[PDB]
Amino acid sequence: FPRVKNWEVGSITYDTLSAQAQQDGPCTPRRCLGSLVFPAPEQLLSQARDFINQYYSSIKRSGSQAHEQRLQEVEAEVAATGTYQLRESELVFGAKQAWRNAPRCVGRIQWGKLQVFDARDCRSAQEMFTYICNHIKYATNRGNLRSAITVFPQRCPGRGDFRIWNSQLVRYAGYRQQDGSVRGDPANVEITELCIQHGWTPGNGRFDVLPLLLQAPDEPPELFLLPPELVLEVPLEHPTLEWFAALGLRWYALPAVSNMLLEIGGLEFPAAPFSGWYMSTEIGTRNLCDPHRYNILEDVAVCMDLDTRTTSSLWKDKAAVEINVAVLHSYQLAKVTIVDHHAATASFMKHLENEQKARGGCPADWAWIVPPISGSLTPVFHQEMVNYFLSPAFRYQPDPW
């Protein structure tokens, strides 16, 4: 078992949970690839039994009659149908475990608090839209954000998957210009072009909310416009720099990831969008300041009258901090849930402590957990971490086109 040290406090733990790691990662004794973003009835039954055992253990009913009965039920379904169906309680447990097991999520202190919408009876893209709107309404809750996941029907043989083509439920369009530059969000140029291909009349703003492209099994994707009253946005202002508001920057309240696959007990849900609330560096540092995103850092530095002709003035650092201040100030002013990187990382340290007692460890991806500004000012920078794959899980999956 790996020995894991916190360098701020000098405390030591052993991650015994890593010994249970299901699937293999990208590293070998010869080289580490930890910094890379994207590195049969019999097998299904094996995963299903592992999951059922896990669940019954969690509710303190291992080797109970109910446990053995459930195992028999699953064996019978698979033998008859080649697959099986989760009880609603198992779906809820599985979704929370997948969040709990996500090594790249710093917000996992909240894992036990998740609203799970069962959309496994969904039949049409039209109904997919209704479920998505209800999710957004619930999760947004007028700015008092609540964590939620909506689970669409599982993958099955001889039927296409349900898919949400958009990477998130709310995203800003990115429009390619004649010179090769982008107006709007460069991260979304591909999905923007697909929306246009499927009949969407594009705007030409910097913050146009994208329509949804929803795919019901074996159908071409269908285009749906989100009602603007459903999409809560926050205009950005700064508490002391009066000109900041004039920049016309804004962002949306609800981070709702919609392109990942949920795996539970060998079953796969290719459409299962989930949402929480934002950590401020996601917006202020990554979305607005990344050179391949909105890339506004230098615009802000010009407005602050910073010396941008020498790196050693640390103009980039100063401009970035004020942008993060503006995000935090603006979300709080607008009464929309947001957490700063210091509070989030402190809660994650608490989570690590909880998980050490509960499970003997916690899979975590250091490069993703440490915030993109002020890294070593947060306690997570000083914490050694072990990264491994546990199931239930959220997995990346190929784009449906």
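Note that the rigid core is defined as the largest set of C-alphas that superpose within 1.5 Å between two forms. One rule holds for the numbers: they count along the sequence shown, beginning at 1.
When the other structures are laid on the shown form by the rigid core, the stretch among 148-156 and 78-86 with the greater C-alpha deviation in 8 other deposited structures of this protein turns out to be 78-86. Annotation: of the segments 294-302 and 173-181, 173-181 departs further from this form in 8 other deposited structures of this protein (C-alpha atoms, root mean square over structures and residues, core superposition).
Of the other structures of this protein that model both sides of residue 48, every one gives it coordinates; not a third omit it. Modelled in this chain, residue 63 is likewise resolved in all the other entries of the protein that span it on both sides, not missing from even a third of them. Unmodelled residues of the deposited sequence between neighbouring positions residue 39 and residue 40 number 10 or more.
Higher mean CA temperature factor between 97-105 and 156-164: 156-164, per the PDB entry.
Set 109-117 against 72-80 and average the Cα temperature factors; 72-80 ends up higher.
When the C-alpha B-factors of 150, 280, 147, 85 are ranked from the entry, the top spot goes to 85. Across 297, 216, 247, 327, the greatest Cα temperature factor reported in the deposited entry is at 216. Among the modelled residues of its chain, residue 10 has a C-alpha B-factor that falls in the middle third according to the deposited record. Annotation for residue 49: CA B-factor lies in the highest third of the chain's modelled residues. In this PDB entry, the Cα temperature factor of residue 268 sits in the middle third of its chain's modelled residues. Residue-level temperature factors show residue 350 in the middle third of its chain, judged at the C-alpha atom. Among the modelled residues of its chain, residue 287 has a C-alpha B-factor that falls in the lowest third according to the deposited record.
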